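J.: Supplied in structure tokens, the structure appears directly below.
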Amino acid sequence: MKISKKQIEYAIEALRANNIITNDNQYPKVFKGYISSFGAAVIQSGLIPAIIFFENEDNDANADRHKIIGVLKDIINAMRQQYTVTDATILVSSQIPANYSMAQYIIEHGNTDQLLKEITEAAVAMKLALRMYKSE
Amino acid sequence: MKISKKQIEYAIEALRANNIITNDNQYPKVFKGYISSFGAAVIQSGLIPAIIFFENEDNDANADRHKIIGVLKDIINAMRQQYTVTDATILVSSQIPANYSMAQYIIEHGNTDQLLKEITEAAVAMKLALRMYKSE
Amino acid sequence: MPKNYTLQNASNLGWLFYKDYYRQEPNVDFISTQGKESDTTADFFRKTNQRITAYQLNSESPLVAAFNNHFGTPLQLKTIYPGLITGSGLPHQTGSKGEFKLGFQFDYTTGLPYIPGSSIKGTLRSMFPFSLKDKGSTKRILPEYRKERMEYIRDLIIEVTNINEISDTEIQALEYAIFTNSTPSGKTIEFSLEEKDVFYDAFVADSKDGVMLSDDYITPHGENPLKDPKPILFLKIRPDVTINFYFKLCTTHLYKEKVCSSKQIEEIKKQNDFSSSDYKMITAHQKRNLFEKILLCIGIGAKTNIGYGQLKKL
Amino acid sequence: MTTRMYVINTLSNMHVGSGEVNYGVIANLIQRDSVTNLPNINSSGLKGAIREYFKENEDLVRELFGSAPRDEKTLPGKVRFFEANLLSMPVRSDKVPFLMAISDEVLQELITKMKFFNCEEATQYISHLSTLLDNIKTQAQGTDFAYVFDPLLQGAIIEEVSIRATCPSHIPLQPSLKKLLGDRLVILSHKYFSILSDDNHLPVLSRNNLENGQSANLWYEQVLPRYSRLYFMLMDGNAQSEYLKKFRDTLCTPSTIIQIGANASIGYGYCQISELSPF
Amino acid sequence: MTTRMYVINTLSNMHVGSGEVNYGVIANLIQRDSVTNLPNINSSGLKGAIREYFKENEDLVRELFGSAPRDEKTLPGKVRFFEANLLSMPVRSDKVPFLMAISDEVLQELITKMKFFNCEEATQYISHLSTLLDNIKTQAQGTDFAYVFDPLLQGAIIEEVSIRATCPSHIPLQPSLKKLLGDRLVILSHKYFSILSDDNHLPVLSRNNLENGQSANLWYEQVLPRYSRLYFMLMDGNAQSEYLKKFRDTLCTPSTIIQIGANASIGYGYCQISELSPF
Amino acid sequence: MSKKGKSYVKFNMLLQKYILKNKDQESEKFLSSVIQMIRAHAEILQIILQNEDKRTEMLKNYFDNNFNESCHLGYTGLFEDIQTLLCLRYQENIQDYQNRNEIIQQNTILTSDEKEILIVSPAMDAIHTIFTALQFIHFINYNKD
């Protein structure tokens with residue numbers, strides 16, 4: 001899997017839009033581990049368990065972990081916005097609702113390989129985008 | 001290809017300027033592996049992910065890996081300085097700002113075929129120029 | 001089906017623990033905060049855990065018999081009770097009630113609990129003086145590390161083999177031959193095919209009368225004793241369970257504090273100036289005894305400092 | 001006589017590294033076929049491992065494999081080693097611990113390879129495999145399928161809740177095909193097998209580097225699951241008969257175990273090589 | 001009975017070295033065409049490989065290929081060999097294991113070459129290929145395209161060039177064109193095929209030399225994907241008809257496998273030569 | 001070559017050392033890979049030679065870093081001999097030809113083509129001398145068996 005530069009652009013705007021990256025191009029140092037752990041959880045336990053774990057808002061974590069799931073949703077929406085007409089016949093090009101829970105969206109849409117592939121690519125893009133900035 | 005002497009000279013000057021080679025013609029050992037791995041990473045992954053990985057500061061590495069990205073930027077700047085300014089030419093001669101990370105420049109300056117060619121040539125020049133010196 | 005794992009009627013334990021664990025069932029909710037704390041979710045995870053912890057292993061298991069045929073005669077050691085944990089760092093957690101919060105190391109094909117050969121090799125090497133890498137961060141503790149471990153290795157070698165005296169360079173050469181299969185440096189020794197030390201995967205061999213997997217709790221109490229604790233439920237290998245360690249070990253020949261090949265040592269023996277005082281030999285059986293002593297000393301797995309993963313002789 | 005098909009049965013988790021940089025979860029990936037994207041062994045790696053096994057017999061290695069690197073006399077090797085392609089992969093289930101999984105495209109590729117290379121005992125295998133593939137295509141009628149040939153494996157979950165096994169009573173499985181492909185065989189669609197063999201579904205092993213009991217490094221390694229079957233082609237390039245006989249005897253001896261891939265010291269790539277049995 | 005066209009179907013990865021010193025990552029680059037930069041085989045290597053296959057029949061080699069390099073008397077070769085230009089390449093896909101990739105410029109070059117050389121069965125193939133190319137250009141309307149002709153392959157993604165294929169229903173692909181260009185054929189724009197066949201997207205393999213377990217050397221090799229299709233032209237001069245018939249029968253026999261290129265001992269460059277079938 | 005200095009002596013000694021004598025007790029094992037290395041890396045060798053302060057160190061480092069394999073441990077003598085000959089030839093060439101080149105270029109009567117025919121590059125001339133010496137050694141040593 002090769003990460004495109006447009007995916008990294010989407011990741012940068014999504015990390016700024018949620019609030020991972022501050023106005024001085026800095027981020028809390030724990031989001032690096034958050035994204036790495038999300039990738040590991042997706043590869044090991046599965047898409048749904050990892051999404052449920054990192055989507056939870058009533059955490060004991062130092063920072064807001066659910067913002068990485070928000071960044072995921074924004075990156076996936078940006079990726080789907082550029083889907084071609086012939087892609088929309090095979091792939092689902094509908095936009096994920098902003099207030100919708102990502103885990104329940106995945107569950108209602110099944111467990112299709114499209115969603116898992118998009119999540120993995122977006123997680124790698126998030127990791128690469130964080131690698132471009134300073135850890136506080 | 002064939003070895004470009006001017007690019008080797010640019011590589012020598014950039015290696016000296018980016019504090020790779022000490023006052024004595026000696027460099028830390030791991031930089032050989034850094035330079036060699038950069039081209040393979042560029043080919044196997046994308047150019048953007050490789051530049052992100054090598055430009056990343058605050059990493060856990062035996063030395064300053066971002067110095068090779070600095071050397072690459074200096075060599076590319078020298079090449080663009082020497083570029084012939086004529087109409088009906090493809091190459092863009094504008095220098096890369098010193099306040100700019102290479103990743104950001106490649107991100108907002110796409111259609112990067114020229115940038116890819118320059119980066120590969122600069123990596124080859126760096127690899128061949130590093131052999132004039134000794135590893136501690 | 002419920003017990004006696006076998007190959008014809010079983011559910012892959014790794015599959016059950018990782019992929020089938022969080023299956024979406026009607027009326028079961030663990031997406032919402034209410035669902036994660038509900039009793040229905042607790043019952044669902046309780047049933048899944050009971051399915052996980054119901055399998056036994058017979059001594060005459062065709063799986064274990066095939067392992068014995070492929071990897072040779074095993075080293076059988078028995079688990080004592082804190083339990084035994086492997087692969088604790090594997091991500092397995094959602095935030096629900098009654099679920100296993102830590103990971104477990106399962107074989108993909110067979111599904112049996114196992115210890116990877118990398119884990120065994122690292123655990124055995126950690127008790128040797130030259131396991132720590134000479135680095136900027138490690139240079140403060142580097143002298144004490146080697147000084148402490150060299151004495152331990154010396155007494156253990158004197159115990160397991162007939163060698164009366166061993167030098168520091170000899171210990172270094174033996175360690176680098178066993179684990180690196182080279183010289184202390186970067187040089188390669190011309191070794192035969194059989195002159196290699198291989199650390200296979202340790203497998204669960206036989207749960208005599210009972211299941212091989214159980215559930216355990218670690219309940220951290222935070223820095224504030226006035227706040228509530230945090231029950232963490234994980235999966236462990238039950239005590240009184242036989243673990244089969246498989247190795248492929250050779251005979252190490254040391255002459256004048258250097259590791260020699262078998263044909264090299266034959267040629268050295270044939271020479272006129274052959275000093276028998278400078279010749280040392282540790283056989284595969286003595287290597288196995290050394291590894292057994294190390295394992296009985298420190299154990300293997302996760303949370304070994306708090307007791308987990310200690311072994312006794314079968 | 002010239003061309004023989006050998007089956008590789010792995011006894012542990014096997015890793016033949018591709019050596020490429022992956023900036024995702026898995027730092028070390030395995031070799032994949034350039035065309036079909038399925039796990040494979042490069043013929044160079046196979047030849048190197050087998051040469052390492054036979055290194056003691058200097059005459060046999062010199063005649064069969066060629067001259068050692070940087071020898072004064074460079075003589076070419078006579079036996080030609082072809083890359084090993086994935087035949088069967090174990091898949092986790094709920095009714096049995098693991099099942100032998102092969103796709104229709106893998107079967108078609110095997111049939112085409114046997115047709116092109118003209119193996120020793122290829123005629124009966126091609127006939128029966130073509131009959132089986134035709135029956136499978138007739139039963140499927142263009143849809144996704146997971147066909148088991150044991151009635152007790154009906155409704156088995158093949159590693160994914162979507163994939164469920166159905167037993168077509170009409171399609172027979174010959175005992176020699178069962179021996180070649182593996183017990184508890186399931187025939188999967190190309191989509192199902194590709195999903196089950198992609199980078200998000202292949203087994204990964206987590207490793208960390210400890211310094212004084214404290215973790216320094218951490219990475220994930222992709223592995224080919226234990227008891228996986230791969231087939232490769234061996235061509236007898238006019239090699240000497242007695243050395244060839246010794247080679248095939250040692251290679252096919254049940255006591256012979258060969259290490260292929262990376263992580264030899266920690267027991268990763270240990271395999272058994274079998275010849276294509278007569279039908 | 002002159003200047004007929006032969007098609008090369010590769011049974012494995014092919015490496016025909018260019019012999020140019022590349023100081024970048026890929027030290028060993030494959031041979032590429034002078035004008036179109038597409039992978040190719042020089043007629044020198046083709047003649048060498050075919051002579052090596054036929055070297056047992058001394059009289060046939062002497063009559064058709066010429067004379068041995070150290071023969072006292074010299075004899076010119078009577079058969080004219082031509083360079084093998086790439087026709088179809090396999091590309092990864094999601095619905096199928098791979099697709100057969102050809103570009104409109106490749107088709108134009110093939111039509112022009114057939115017109116210039118007037119192959120034995122050239123007329124019908126030229127007419128039908130011109131019709132297909134005209135239909136493709138009519139449907140494309142100057143835009144980038146990826147056209148498949150099996151209706152089941154609609155929406156198949158090319159993995160390297162992340163473009164999904166569309167099915168132009170009114171463009172017919174004849175069975176003889178299917179036999180020539182290959183099954184599961186996708187016709188792309190020139191840019192898509194150039195990106196697919198460039199050095200960055202061709203399969204690159206990492207190799208090393210081990211001395212007692214530790215790596216002595218390391219280099220990167222690029223190869224032509226297995227099942228790649230290449231075509232060359234063969235002109236017979238004042239050659240005897242009996243030897244020519246023997247040569248054509250042996251060359252086009254289904255049991256004949258020719259090794260072209262490097263790395264013969266690790267199964268590289270094994271292919272089958274087929275003649276242009278009558279339309 | 002100039003017979004004035006020690007470059008001629010070193011050239012003769014290299015020829016004597018690395019040229020095989022007829023079967024008779026051992027020679028110095030000439031390596032043929034250095035012939036193509038010098039040709040391919042000629043411009044880099046020119047860059048190294050033009051560095052006045054670190055010329056010998058840079059040459060030794062370059063030869064060590066390019067020929068960094070196990071087999072090359074037996075060719076250290078050959079590498080050192082060719083390095084010494086290259087340095088001596090470059091020094092003699094600059095001494096003989098530097099001011100000549102400057103004055104030839106500063107001349108206004110001569111045409112550009114005649115100027116380039118008359119002007120000789122010291123470093124490249126020395127490299128060509130080493131290349132030709134090694135080619136002669138290989139030509140004498142090699143036989144098509």
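Identifiers for the structure tokens are assigned positionally: chains receive A, B, ... in sequence, residues are indexed from 1 per chain, and ligands are indexed from 1 in the order shown.
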Using only C-alpha atoms, I'd like a table of the residues in chain A that come within 12 Å of chain E; for each, show the closest atom pair and its distance in Å rounded to one decimal, ordered by chain and ascending number, as a Markdown table.
T.:
| residue | atom | partner | partner_atom | distance |
| --- | --- | --- | --- | --- |
| A:1 | CA | E:159 | CA | 9.2 |
| A:2 | CA | E:160 | CA | 9.0 |
| A:3 | CA | E:162 | CA | 11.7 |
| A:4 | CA | E:162 | CA | 10.5 |
| A:83 | CA | E:163 | CA | 10.5 |
| A:84 | CA | E:164 | CA | 8.8 |
| A:85 | CA | E:164 | CA | 9.8 |
| A:86 | CA | E:155 | CA | 6.6 |
| A:87 | CA | E:164 | CA | 6.7 |
| A:88 | CA | E:155 | CA | 9.5 |
| A:89 | CA | E:155 | CA | 7.8 |
| A:90 | CA | E:155 | CA | 6.5 |
| A:91 | CA | E:155 | CA | 9.4 |
| A:113 | CA | E:94 | CA | 11.3 |
| A:114 | CA | E:94 | CA | 11.6 |
J.: Take the residues just selected and output them with N, CA and C atoms as a tab-separated table (two decimals), in the first residue's frame.
T.:
chain	number	residue	atom	x	y	z
A	1	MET	N	0.83	-1.20	0.00
A	1	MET	CA	0.00	0.00	0.00
A	1	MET	C	0.86	1.26	0.00
A	2	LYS	N	0.64	2.12	-0.98
A	2	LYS	CA	1.36	3.38	-1.11
A	2	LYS	C	0.43	4.53	-0.73
A	3	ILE	N	0.90	5.38	0.17
A	3	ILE	CA	0.12	6.52	0.64
A	3	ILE	C	0.33	7.68	-0.33
A	4	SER	N	-0.76	8.20	-0.87
A	4	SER	CA	-0.69	9.32	-1.79
A	4	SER	C	-0.45	10.62	-1.03
A	83	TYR	N	-13.96	10.29	-5.14
A	83	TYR	CA	-14.25	9.03	-5.82
A	83	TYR	C	-14.86	9.29	-7.19
A	84	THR	N	-14.39	8.54	-8.18
A	84	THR	CA	-14.82	8.71	-9.56
A	84	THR	C	-16.16	8.01	-9.76
A	85	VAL	N	-16.88	8.41	-10.82
A	85	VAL	CA	-18.21	7.86	-11.08
A	85	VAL	C	-18.16	6.34	-11.20
A	86	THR	N	-17.17	5.81	-11.93
A	86	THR	CA	-17.04	4.36	-12.01
A	86	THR	C	-16.61	3.74	-10.69
A	87	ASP	N	-15.97	4.52	-9.81
A	87	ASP	CA	-15.65	4.02	-8.48
A	87	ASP	C	-16.90	3.93	-7.61
A	88	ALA	N	-17.81	4.90	-7.76
A	88	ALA	CA	-19.03	4.92	-6.95
A	88	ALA	C	-19.95	3.75	-7.26
A	89	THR	N	-19.84	3.15	-8.45
A	89	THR	CA	-20.66	1.98	-8.76
A	89	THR	C	-20.17	0.75	-8.01
A	90	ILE	N	-18.87	0.66	-7.74
A	90	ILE	CA	-18.32	-0.45	-6.97
A	90	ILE	C	-18.18	-0.09	-5.50
A	91	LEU	N	-17.69	1.11	-5.21
A	91	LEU	CA	-17.42	1.55	-3.85
A	91	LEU	C	-18.51	2.51	-3.37
A	113	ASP	N	-14.59	-4.84	3.13
A	113	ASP	CA	-13.16	-4.60	2.96
A	113	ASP	C	-12.87	-3.15	2.61
A	114	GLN	N	-13.83	-2.46	2.00
A	114	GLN	CA	-13.63	-1.06	1.64
A	114	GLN	C	-13.39	-0.20	2.88
J.: For chain A fitted to chain B over all Cα atoms in order, what RMSD does a least-squares superposition give?
T.: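 It comes to 1.3 Å after superposition.
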J.: Can you check which residues of chain A have any atom within 12 Å of chain B? Use only C-alpha atoms and format it as a list in words.
T.: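 That gives residues 1, 2, 3, 4, 5, 6, 7, 8, 9, 10, 11, 12, 29, 32, 124, 125, 126, 127, 128, 129, 130, 131, 132, 133, 134, 135 and 136 of chain A for chain A.
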J.: Output N, CA and C atoms for every residue in that selection, as a PDB file, in the first residue's frame.
T.:
ATOM      1  N   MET A   1       0.826  -1.202   0.000  1.00  0.00           N
ATOM      2  CA  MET A   1       0.000   0.000   0.000  1.00  0.00           C
ATOM      3  C   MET A   1       0.863   1.256   0.000  1.00  0.00           C
ATOM      4  N   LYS A   2       0.636   2.121  -0.983  1.00  0.00           N
ATOM      5  CA  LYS A   2       1.356   3.379  -1.114  1.00  0.00           C
ATOM      6  C   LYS A   2       0.433   4.526  -0.731  1.00  0.00           C
ATOM      7  N   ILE A   3       0.903   5.382   0.168  1.00  0.00           N
ATOM      8  CA  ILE A   3       0.121   6.519   0.637  1.00  0.00           C
ATOM      9  C   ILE A   3       0.330   7.679  -0.326  1.00  0.00           C
ATOM     10  N   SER A   4      -0.765   8.199  -0.867  1.00  0.00           N
ATOM     11  CA  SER A   4      -0.691   9.318  -1.789  1.00  0.00           C
ATOM     12  C   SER A   4      -0.455  10.621  -1.032  1.00  0.00           C
ATOM     13  N   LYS A   5       0.030  11.626  -1.762  1.00  0.00           N
ATOM     14  CA  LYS A   5       0.256  12.931  -1.154  1.00  0.00           C
ATOM     15  C   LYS A   5      -1.058  13.636  -0.842  1.00  0.00           C
ATOM     16  N   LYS A   6      -2.114  13.344  -1.605  1.00  0.00           N
ATOM     17  CA  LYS A   6      -3.420  13.914  -1.298  1.00  0.00           C
ATOM     18  C   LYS A   6      -3.975  13.360   0.006  1.00  0.00           C
ATOM     19  N   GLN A   7      -3.716  12.083   0.298  1.00  0.00           N
ATOM     20  CA  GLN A   7      -4.141  11.523   1.576  1.00  0.00           C
ATOM     21  C   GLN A   7      -3.423  12.199   2.737  1.00  0.00           C
ATOM     22  N   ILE A   8      -2.135  12.498   2.570  1.00  0.00           N
ATOM     23  CA  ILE A   8      -1.396  13.190   3.621  1.00  0.00           C
ATOM     24  C   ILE A   8      -1.898  14.622   3.775  1.00  0.00           C
ATOM     25  N   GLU A   9      -2.258  15.270   2.666  1.00  0.00           N
ATOM     26  CA  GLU A   9      -2.881  16.588   2.755  1.00  0.00           C
ATOM     27  C   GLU A   9      -4.190  16.522   3.533  1.00  0.00           C
ATOM     28  N   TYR A  10      -5.027  15.528   3.220  1.00  0.00           N
ATOM     29  CA  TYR A  10      -6.281  15.348   3.945  1.00  0.00           C
ATOM     30  C   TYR A  10      -6.021  15.129   5.425  1.00  0.00           C
ATOM     31  N   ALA A  11      -5.002  14.331   5.747  1.00  0.00           N
ATOM     32  CA  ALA A  11      -4.655  14.089   7.142  1.00  0.00           C
ATOM     33  C   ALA A  11      -4.234  15.377   7.836  1.00  0.00           C
ATOM     34  N   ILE A  12      -3.458  16.218   7.151  1.00  0.00           N
ATOM     35  CA  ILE A  12      -3.010  17.471   7.755  1.00  0.00           C
ATOM     36  C   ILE A  12      -4.201  18.375   8.057  1.00  0.00           C
ATOM     37  N   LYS A  29       2.317  15.077  22.696  1.00  0.00           N
ATOM     38  CA  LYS A  29       3.186  13.956  22.360  1.00  0.00           C
ATOM     39  C   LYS A  29       2.504  12.599  22.486  1.00  0.00           C
ATOM     40  N   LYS A  32       0.867  10.534  19.095  1.00  0.00           N
ATOM     41  CA  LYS A  32       1.714   9.604  18.355  1.00  0.00           C
ATOM     42  C   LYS A  32       1.448   8.168  18.793  1.00  0.00           C
ATOM     43  N   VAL A 124      -2.403   5.192   8.475  1.00  0.00           N
ATOM     44  CA  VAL A 124      -1.022   5.382   8.034  1.00  0.00           C
ATOM     45  C   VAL A 124      -0.789   6.836   7.638  1.00  0.00           C
ATOM     46  N   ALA A 125      -1.770   7.446   6.967  1.00  0.00           N
ATOM     47  CA  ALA A 125      -1.654   8.854   6.600  1.00  0.00           C
ATOM     48  C   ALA A 125      -1.562   9.744   7.833  1.00  0.00           C
ATOM     49  N   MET A 126      -2.351   9.442   8.868  1.00  0.00           N
ATOM     50  CA  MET A 126      -2.280  10.212  10.106  1.00  0.00           C
ATOM     51  C   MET A 126      -0.907  10.095  10.746  1.00  0.00           C
ATOM     52  N   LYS A 127      -0.354   8.881  10.773  1.00  0.00           N
ATOM     53  CA  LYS A 127       0.976   8.692  11.341  1.00  0.00           C
ATOM     54  C   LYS A 127       2.010   9.508  10.574  1.00  0.00           C
ATOM     55  N   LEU A 128       1.947   9.458   9.241  1.00  0.00           N
ATOM     56  CA  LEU A 128       2.894  10.214   8.427  1.00  0.00           C
ATOM     57  C   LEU A 128       2.728  11.716   8.630  1.00  0.00           C
ATOM     58  N   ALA A 129       1.485  12.178   8.787  1.00  0.00           N
ATOM     59  CA  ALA A 129       1.242  13.603   8.984  1.00  0.00           C
ATOM     60  C   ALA A 129       1.759  14.075  10.336  1.00  0.00           C
ATOM     61  N   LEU A 130       1.559  13.276  11.388  1.00  0.00           N
ATOM     62  CA  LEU A 130       2.136  13.620  12.684  1.00  0.00           C
ATOM     63  C   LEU A 130       3.656  13.618  12.641  1.00  0.00           C
ATOM     64  N   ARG A 131       4.255  12.729  11.845  1.00  0.00           N
ATOM     65  CA  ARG A 131       5.711  12.713  11.751  1.00  0.00           C
ATOM     66  C   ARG A 131       6.278  14.002  11.163  1.00  0.00           C
ATOM     67  N   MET A 132       5.451  14.831  10.524  1.00  0.00           N
ATOM     68  CA  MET A 132       5.914  16.081   9.932  1.00  0.00           C
ATOM     69  C   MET A 132       5.986  17.234  10.927  1.00  0.00           C
ATOM     70  N   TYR A 133       5.421  17.086  12.120  1.00  0.00           N
ATOM     71  CA  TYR A 133       5.354  18.167  13.092  1.00  0.00           C
ATOM     72  C   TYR A 133       6.085  17.787  14.374  1.00  0.00           C
ATOM     73  N   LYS A 134       6.188  18.762  15.274  1.00  0.00           N
ATOM     74  CA  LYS A 134       6.970  18.626  16.493  1.00  0.00           C
ATOM     75  C   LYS A 134       6.093  18.163  17.648  1.00  0.00           C
ATOM     76  N   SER A 135       6.621  17.228  18.439  1.00  0.00           N
ATOM     77  CA  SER A 135       5.898  16.658  19.577  1.00  0.00           C
ATOM     78  C   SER A 135       6.044  17.582  20.787  1.00  0.00           C
ATOM     79  N   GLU A 136       5.329  18.701  20.720  1.00  0.00           N
ATOM     80  CA  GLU A 136       5.343  19.720  21.769  1.00  0.00           C
ATOM     81  C   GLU A 136       6.760  20.191  22.085  1.00  0.00           C
TER      82      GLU A 136
END
J.: Could you find all residues in region 4-152 of chain C that DSSP calls strand (DSSP E) from the backbone, and write them as a PyMOL selection string?
T.: chain C and resi 75-79+114-115
J.: Calculate how many Å separate CA of residue 213 (chain E) from CA of residue 177 (chain C), rounding to one decimal.
T.: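 Computing it gives 12.5 Å between the two atoms.
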J.: Select from chain D every residue with an atom at most 12 Å from any atom of chain F, then for each give the shortest pair of atoms and their distance in Å to one decimal, using only C-alpha atoms, rows by chain and rising number, as a Markdown table.
T.:
| residue | atom | partner | partner_atom | distance |
| --- | --- | --- | --- | --- |
| D:69 | CA | F:71 | CA | 10.9 |
| D:70 | CA | F:71 | CA | 8.3 |
| D:71 | CA | F:71 | CA | 10.8 |
J.: Skipping near chain neighbours, those fewer than 2 positions away, what residues fall within 10 Å of region 61-67 of chain C using only C-alpha atoms, listed as a list in words?
T.: residues 4, 5, 6, 7, 57, 58, 59, 69, 70, 71, 72, 73, 74, 110, 112, 201, 202, 203, 204, 205, 206, 244 and 246 of chain C; 11 and 12 of chain D
J.: Could you work out which residues of chain B fall inside 12 Å of chain C? Count only C-alpha atoms, and format the result as a PyMOL selection string.
T.: chain B and resi 60-63
